[PDB]
Amino acid sequence: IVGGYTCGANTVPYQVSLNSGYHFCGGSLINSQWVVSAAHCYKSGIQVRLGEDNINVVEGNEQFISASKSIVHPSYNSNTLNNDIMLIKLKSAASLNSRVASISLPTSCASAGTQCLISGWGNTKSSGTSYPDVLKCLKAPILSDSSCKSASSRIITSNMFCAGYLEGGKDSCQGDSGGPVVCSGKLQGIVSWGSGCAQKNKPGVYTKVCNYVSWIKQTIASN
Ligand SMILES: [Ca+2]
């Protein structure tokens, strides 16, 4: 997260960190046994870490649970990042409490101008690299489809949406991928991609969760 702020310990209870000996992606807890993340974050041997703030020190409230299976969307395309969504089933159900809670799926898509909360442990600098210890937060609005398409003609506004600041300086970044974009208490996006980070006229692109709700439910129900 570039240009964001420190969220505060466990203020984003549904935020998950995907770990493979180190933090590599974010995710969202949607129920006691399922996490939603980005398909390009797929990897074997994933350990899901819930209730995290400082990812480098055990502070209490953390729950480490291995992934029993990762379900990448069948139509995911690694070149275009279209359908960049993945479901992760936990080996055991997480213990839900005040510091570890799930986030609700949307019943309708969000409109341009809607303010959202994006969070993660990704790179905090536009130029160079700098990974934080604690969770970072960023409030950002969803942009209009016209602006999103004029920013890059490689997006499919049906499965993607732009959010952020065209003036640059505030954006999600490397390491935030798979993370949540929550607006009005509903998970509307998944950190997917972007051209650089916090660059002028280059807003972040996110997976449009509202158009995957049916798939999510059907997939979870059969697994
Ligand atoms: Ca920790």
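Counting starts at 1 for both ligands and their atoms, in listed order. Numbering of residues begins at 1 and proceeds along the displayed sequence.
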Problem - Residues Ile65, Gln33; criterion side-chain contact (heavy atoms from CB on, under 4.5 Å); working and verdict - result: CA-CA 10 Å; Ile65 304 171; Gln33 268 193 297; over 6 Å; no

Exercise for the section: May I ask you to check whether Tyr42 and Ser37 show a side-chain donor-acceptor distance below 3.5 Å? Expected result: no

Problem - Count of N, O or S atoms belonging to protein, less than 3.0 Å from the Ca ion (ligand 1) - result: 4

Practice task
Check the side chains of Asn56 and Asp133 for a donor-acceptor pair under 3.5 angstrom, ignoring hydrogens and angles.
Solution key: yes

Problem - Stacked cation flag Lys136 on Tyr5, 6.0 angstrom / 45 deg - result: no

Problem - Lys208 to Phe161 six-membered ring, cation-pi geometry met (6.0 Å, 45°) - result: no

Practice task
Inspect the surroundings of NZ in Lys43 and state if more than 12 heavy atoms from other residues, nucleotides or ligands are less than 6.0 Å away.
Solution key: yes

